[PDB]
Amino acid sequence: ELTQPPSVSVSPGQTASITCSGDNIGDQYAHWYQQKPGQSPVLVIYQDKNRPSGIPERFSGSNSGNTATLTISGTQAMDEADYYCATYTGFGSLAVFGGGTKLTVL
């Protein structure tokens, strides 16, 4: 189980912090997907902190202990979306999505 806050809201320019908590998730790779209304998910962070080329550099990620964190500095209206953390566990070969966080921007 990966637990995320159902909602995070910020004003434009404020930092958005989205957490995904799970027991010893710091031992795994956490990946972050963004999903806008009517679209398929898009990977914005992979391997806890790596950003795919083409993703705005204001997206960053960290992972340690029991918490992985997606951080958006200077959040813009175009960043309003649903965000999902995901990990893969070799014990059982399972992929697990967090419950999702709806980011709203004023």
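Note that residue numbering begins at 1 and tracks the sequence as displayed.
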Ranked by mean Cα B-factor in the entry, 15-23 and 94-102, top stretch is 15-23
Report the option among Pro37, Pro41, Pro56, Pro52 whose CA atom has the maximum B-factor in the deposited record.
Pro37
For the chain shown, is the CA B-factor of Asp79 in the lowest, middle or highest third of its modelled residues?
lowest
Sort the modelled residues of this chain by their C-alpha B factor and say whether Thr71 lands in the lowest, middle or highest third.
middle
Lowest, middle or highest third: which one holds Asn63 when the chain's residues are ordered by CA B-factor from the entry?
middle
